[PDB]
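These notes concern the structure reproduced below.
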Amino acid sequence: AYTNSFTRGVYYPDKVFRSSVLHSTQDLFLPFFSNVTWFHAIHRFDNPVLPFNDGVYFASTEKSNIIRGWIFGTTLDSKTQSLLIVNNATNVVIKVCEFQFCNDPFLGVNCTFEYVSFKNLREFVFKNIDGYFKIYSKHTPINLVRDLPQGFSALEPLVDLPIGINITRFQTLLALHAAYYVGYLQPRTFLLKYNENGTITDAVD
Amino acid sequence: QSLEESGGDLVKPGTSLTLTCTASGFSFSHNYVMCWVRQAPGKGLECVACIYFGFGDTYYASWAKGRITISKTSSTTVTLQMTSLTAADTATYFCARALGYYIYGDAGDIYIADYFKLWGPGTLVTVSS
Amino acid sequence: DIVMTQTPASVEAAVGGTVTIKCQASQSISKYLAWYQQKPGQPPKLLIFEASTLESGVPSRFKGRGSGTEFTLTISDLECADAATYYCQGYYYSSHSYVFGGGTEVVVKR
Amino acid sequence: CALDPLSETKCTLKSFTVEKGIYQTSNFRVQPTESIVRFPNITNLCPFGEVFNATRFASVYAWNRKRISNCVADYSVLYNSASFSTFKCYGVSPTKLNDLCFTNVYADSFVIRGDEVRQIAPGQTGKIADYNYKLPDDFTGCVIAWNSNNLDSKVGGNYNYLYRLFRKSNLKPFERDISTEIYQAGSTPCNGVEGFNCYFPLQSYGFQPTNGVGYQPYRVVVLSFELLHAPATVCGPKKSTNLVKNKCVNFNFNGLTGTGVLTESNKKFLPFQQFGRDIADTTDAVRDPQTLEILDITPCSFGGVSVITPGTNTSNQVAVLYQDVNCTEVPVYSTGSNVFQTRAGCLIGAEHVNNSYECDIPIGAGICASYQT
Ligand SMILES: *[C@@H]1O[C@H](CO)[C@@H](O)[C@H](O)[C@H]1NC(C)=O
Ligand SMILES: *[C@@H]1O[C@H](CO)[C@@H](O)[C@H](O)[C@H]1NC(C)=O
Ligand SMILES: *[C@@H]1O[C@H](CO)[C@@H](O)[C@H](O)[C@H]1NC(C)=O
Ligand SMILES: *[C@@H]1O[C@H](CO)[C@@H](O)[C@H](O)[C@H]1NC(C)=O
Ligand SMILES: *[C@@H]1O[C@H](CO)[C@@H](O)[C@H](O)[C@H]1NC(C)=O
Ligand SMILES: *[C@@H]1O[C@H](CO)[C@@H](O)[C@H](O)[C@H]1NC(C)=O
Ligand SMILES: *[C@@H]1O[C@H](CO)[C@@H](O)[C@H](O)[C@H]1NC(C)=O
Ligand SMILES: *[C@@H]1O[C@H](CO)[C@@H](O)[C@H](O)[C@H]1NC(C)=O
Ligand SMILES: *[C@@H]1O[C@H](CO)[C@@H](O)[C@H](O)[C@H]1NC(C)=O
């Protein structure tokens, strides 16, 4: 179950501003036209566990927000300290607490760090540089349901919480009483095209 | 918690001798200040020299001009060295432990190592031909 | 650059008497003072620190007062074991230096 | 070499007689007038009032522990307050806690007796320091305590605060013991029944108003700075400054540490973008951190300094030119009565002439000077 990515996943390498300057950065980007893995959750079907490998790009398009959290950790089974992301309608939960969870943990319809903050397409970029967990997101609605469109868009930075925990695995949470995409980022160079307002409008590998 | 001295014996004038204190039950952290107190037979005490683990610098007494050397060799060893030994060096040498702390004041911020709490038995150094 | 002048050279009193120890700071020492009891062949043992606070475990009769350049230590209800040599040490933060006093000898009159 | 522009020309030319022409002698420079350090507003602050101004305090054996992170920790109000009897910092000086960041700060609050306050420090000994709370020798932080007789002392004895008397081994640094089990101090065993050699290890402080200062309750809070590999969460509030614009001022905006003159800008940042940049990877505009606005920066004015003089045999009067400098900023020559302005720069010591004659000495940017009656 593979699908071909279409020139999406670009994001601002840094908080700087630049006006109509084509700036090239050797940053951990998602390779252009890479066959990204396709996952299913409807009908049974569950979520398998994926590795991290120096960055993971996530893009889930949802109707009723079936995705409810993320799992990050070398063990992520209470053996050692591990990251835990839980997304709630009320607020956002981030816990390090060592927790035991089953092979297929379903959600009904010590802690070292913390933080509190198919039309939809909640894009995400997961990368840990210098111990800082940076998550970039974009929420452009999509009408066509075939796949990710042939379009250019960036992922605005959201959170830079300090973690410091080395991350070698990755898991997706669901909701039980739904397809999500994963493309592994590879260190490459892009010629990012900044607009006269400073927004990335196009890029070339 | 315990401090022990060693290295004192009878030494001819003009040579050099080394004195060693060992930290047992604690480590030479930056919060501790180590100094030497020397008293002559039937006389008062005086401070030889001091070392601050917080800054890594060492203060010496006025009566010594390069004649005294302090070097913390390890987390549980701090050594002393007296050169040009004379009859004035015939005394008993002690080493104790102090604490360095900071307090905000009107003029600025000052370092405090005021009193001495726990000591060691001491070693007698005798200088004679 | 600091001298702790201690007077008198010796103090005497009978059992239960009172002996005072007068220590003067040549230059202002403020609150960094300590008193020590030392017996022959045994390391100095801290009696008073801050010049007004009792060290944990010492009896209350070992009392210290004074500030600035006039430093005091009075002993009440003298014991037979109180016969020792007492010293006053002022720490001058200006030069980060320790200076000891001349010393005071305690004699138990009988 | 530093008397008058003609003399400054003679030194560079290494000749007593200077031929008619324009000669560069030095370099004009506008020094920074002052220094400004502007950082984002405190906004969310570390809630040290939750611990310091807490209504009730825990026992020393059950000392409360609070984690402080993801906030700016203001300490000026802490050490300035005179309500605190004890304020001792180990391994760090009171000034730099507002300048150094740490991954975690711990607030450890409890109540002890007056004579036990000295026991909370590295290398301390006593019943509290050995069986209730132990501090490491390499402790980085401060121990603060203040008298609480008016609150924690009750007539007839307040026995809500408890301390441990006995323990088999010394408490490790940053360890808690809520065992409250019948301690054994003899060879006779026990089965949790109080007896001859079976004792309760917990005794309660008797806090009464008539007690002495050494017997009065003292609320103690220990702040523990610590730095791990993970980036720091708590940064002290960098001293805010007054924003100055249109004047050449050294500026430090969240570590930019650049030099130049700041003016109100026009370009629009996106809200997530913190500071702008030009083509040549040189900072050009900065978002003000205190209030969200844009400030365009330009380098401090500088330019060549030229001396436009005729032959020294002909005359000694000279006229200086400061290239690429606006005439207003020049004063930062003694013949300041006449100050002409041209595209080339600020020309001091000469007067513009409406009439036009053939050029012999080129000033620059189309204007040229010459000696005339
Ligand atoms: C699709 O994935 C396969 C298997 O990894 C790969 O050989 C192929 O090149 C991919 N297609 C594109 C367009 O990259
Ligand atoms: C958290 O994890 C383990 C769980 O057993 C605990 O022993 C350890 O002390 C804790 N680590 C930190 C850094 O608090
Ligand atoms: C990287 O991960 C390894 C285990 O795979 C761990 O031992 C090491 O401490 C980690 N480094 C960081 C900086 O997290
Ligand atoms: C860019 O900014 C200008 C400011 O005048 C605004 O009118 C325009 O809509 C913006 N355009 C884009 C493509 O962001
Ligand atoms: C604090 O900064 C905010 C923006 O973060 C600003 O709106 C507010 O006016 C500032 N408060 C004061 C008192 O300057
Ligand atoms: C308690 O609150 C008062 C009133 O705001 C404040 O002035 C004081 O500093 C606080 N005391 C603390 C935090 O110890
Ligand atoms: C200056 O002009 C006078 C008069 O013509 C002449 O004598 C003299 O040599 C000139 N000086 C120089 C340096 O050429
Ligand atoms: C620069 O010089 C011109 C010409 O005199 C003047 O109009 C302008 O205001 C100057 N710019 C300043 C003072 O910022
Ligand atoms: C040149 O003439 C203009 C009017 O044309 C006058 O304003 C100006 O002052 C004159 N220049 C000088 C240097 O006097």
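Residue numbers (the working numbering), protein chains in the order written: chain Y, 1 to 205; chain X, 1001 to 1129; chain H, 2001 to 2110; chain Z, 3001 to 3373. No residue lacks a Cβ here, since even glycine has one placed at the ideal position from N, Cα and C.
Those residues of the stretch 2023-2054 of chain H placed with their C-beta closer than 7 Å to a C-beta in chain X are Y2032, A2034, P2043, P2044, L2046, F2049, ordered along the chain. Residues of the stretch 3137-3161 of chain Z with a C-beta less than 7 Å from any C-beta of chain X: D3137, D3138, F3139, listed in chain order. For Z:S3076, the closest C-alpha among the options Z:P3237, Z:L3162, Z:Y3199 is that of Z:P3237. Shortest Cα-Cα distance from Y:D14 to any of Y:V159, Y:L76, Y:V116, Y:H139 involves Y:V159.
Closest in alpha carbon position to H:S2076, among H:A2013, H:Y2098, H:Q2024, is H:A2013. Cα atoms of Y:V96 and Y:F72: separation of roughly 10 Å, rounded to the nearest angstrom.
Taking a Cβ-Cβ threshold of 7 Å, the residues of chain H close to Z:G3126 are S2056, in chain order.
Under the three-pair Cβ rule at 8 Å, the stretch 3347-3363 of chain Z counts as touching the stretch 3019-3028 of chain Z. In the structure shown, Z:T3257 adopts coil according to DSSP, grouped into three states.
Excluding residues up to 5 positions away in sequence, nothing lies with its Cβ nearer than 6 Å to the Cβ of X:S1128 in the same chain. X:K1043 counts as exposed, since fewer than 16 other C-beta atoms from the protein chains shown sit within 10 angstroms of its C-beta. The DSSP-derived three-state label of Z:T3309 is strand.
Boundaries of the beta strand (DSSP E) harbouring Z:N3064: 3064-3068, taken from the DSSP string. A residue is called buried when at least 16 other Cβ atoms come within 10 angstroms of its Cβ; Y:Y2 does not meet this threshold and is exposed. Taking 3 residues as the minimum length, the beta strand (DSSP E) runs contained wholly in the stretch 79-166 of chain Y are 83-87, 92-95, 122-129, 132-138, 156-162, in order along the chain. With a threshold of 8 Å between beta carbons, H:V2106 makes no contact with chain X. If you draw a straight line from the Cα of X:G1105 to the Cα of H:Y2093, it comes to about 13 Å. Check the Cα spacing between X:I1051 and each of X:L1045, X:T1079, X:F1026, X:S1024: the tightest is with X:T1079. Judged by beta-carbon spacing, X:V1011 lies within the 8 Å limit of X:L1017, meaning their Cβ atoms are closer than that value. Residue range 3049-3052 is occupied by the alpha helix (DSSP H) that includes Z:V3051. Boundaries of the alpha helix (DSSP H) around Z:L3013: 3005-3013. From the listed residues H:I2021, H:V2015, H:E2105, H:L2047, the smallest Cα separation to H:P2059 is found for H:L2047.
Taking 7 Å as the cut-off, one finds at least one heavy atom of ligand 8 near enough to the beta carbon of Z:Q3341.
Separation of Z:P3310 and Z:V3249 (C-alpha to C-alpha, rounded to the nearest whole angstrom) is 38 Å. Here the stretch 3112-3125 of chain Z does not lie against the stretch 3177-3184 of chain Z, with fewer than 3 beta-carbon pairs under 8 Å apart.
Contact between H:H2096 and X:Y1059 holds: CB atoms are separated by about 5 Å, below the 8 Å threshold. The beta carbon of H:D2001 sits closer than 7 Å to those of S2095, all from its chain and outside the five residues before and after it, given in chain order. Around the C-beta of Y:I66, 16 or more other C-beta atoms lie within 10 Å, and the residue is accordingly described as buried.
Nearest Cα to Z:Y3090 within the set X:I1103, X:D1089, X:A1091: X:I1103. Not a single heavy atom of ligand 9 lies less than 7 Å from the C-beta of Y:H23.
Contact between Z:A3285 and Z:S3265 holds: their C-beta atoms lie close to 5 Å from each other, under 8 Å. Beta-bridge annotation (DSSP): Z:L3243 is not paired with any residue. Neighbours of X:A1023 across chain H, judged by C-beta separation under 9 Å, do not exist; the nearest C-beta is about 16 Å away.
Taking the Cα positions, Z:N3242 is about 12 Å away from Z:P3289. Ranked by Cα distance from Z:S3069, the options Y:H43, Y:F33, Y:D27, Y:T112 are led by Y:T112. In terms of CA proximity to Y:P141, Y:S153 leads the group Y:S153, Y:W70, Y:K134.
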